[PDB]
């Protein structure tokens, strides 16, 4: 019920100590040094680390905020790191309000009570643990190098990504991964995998129920070989790339009931251009209320597809349920 302290570090104790001492926390466990960034691609002498510096948000802007207009999936915009699986897990997590509020302790701020330390809860090896970080973040050309919010002064997702790097020993360790790991590390649940070509006839209903329960869902397109990793298709889907599944709804359309599914590219941009895409003409033949409820004309990485097209274009689905045997 109460989280174990990762590496014995006590968030409240350290915060109060720094606050009374008039100093900012510096994390001995995960210091702002090259090793923290990485070892090969992000290694000490890699050109990928050119110009990277470590700065706290308070050393960057005037009024840095932890959470702005809520901690939501639009705050998850991938940086220069191969951790799409993890960022898709975070975006999916934001749809489960209870779990989101466990992983991200709200009420942390850069104002009252600030001592340069933040904390997060992660499910690790069968137990919840509390991971602290200092708020030094990798910056290049004045901007965050890795994950960032669409809101430039919002830092909760950057700090959560840093905490996850910390438990993995470096940012580079997060490059290339499996969405199921992030889902489970944020929920304590277990993921079931679906091969779309061989799915049960009621997969759409399974997806609806799972989204309703607050389960976490993701999807992806298989790669044919190494060199079509991250290939962008003609209709602007990305292969070998973790997407969050963020919604589903049936609408009346041309005399039939059509099932739609909504998903989000953790890039926060580059979307499907086919039927039910933000600017597609299908929305012209949908009820004006349902159109207003579902359709958002915004280059934000999130878009709708018909379930038929979803089944045609994507290859895999993952569903991470918290209590799969007790619904």
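Positions refer to the first chain, counted from 1.
> On mean C-alpha B-factor from the PDB entry, just flag whether 31-39 or 44-52 is the higher one.
Looking at the record's C-alpha B-factors, the answer is 44-52.
> Could you settle it for me: does 303-311 or 12-20 have the higher average Cα B factor in the PDB entry?
Averaging CA B-factors over each stretch, the winner is 12-20.
> Just to confirm, going by the entry's C-alpha B-factors, which of 87, 100, 257, 131 comes out highest?
Going by the entry's C-alpha B-factors, 257 comes out highest.
> Among 195, 161, 141, 185, which residue carries the highest C-alpha B-factor recorded in the PDB entry?
Each of 195, 161, 141, 185 was compared by C-alpha B-factor; the highest is 141.
> Is residue 261 in the lowest, middle or highest third of its chain when residues are ranked by C-alpha B-factor?
Its C-alpha B-factor belongs to the lowest third of this chain's values.
> Please place residue 278 in the lowest, middle or highest third of its chain according to the CA B-factor in the PDB entry.
According to the entry, residue 278 has a C-alpha B-factor in the chain's lowest third.
> Splitting the chain's C-alpha B-factors into thirds, which one does residue 127 fall into?
Its C-alpha B-factor belongs to the highest third of this chain's values.
> Compared with the other modelled residues in the chain, in which third is the CA B-factor of residue 154?
Middle third, going by the recorded CA B-factors of the chain.
> Considering every modelled residue of the chain and its Cα B-factor in the PDB entry, is residue 246 in the lowest, middle or highest third?
For residue 246, whose C-alpha B-factor we compare with every modelled residue in the chain, the answer is the lowest third.
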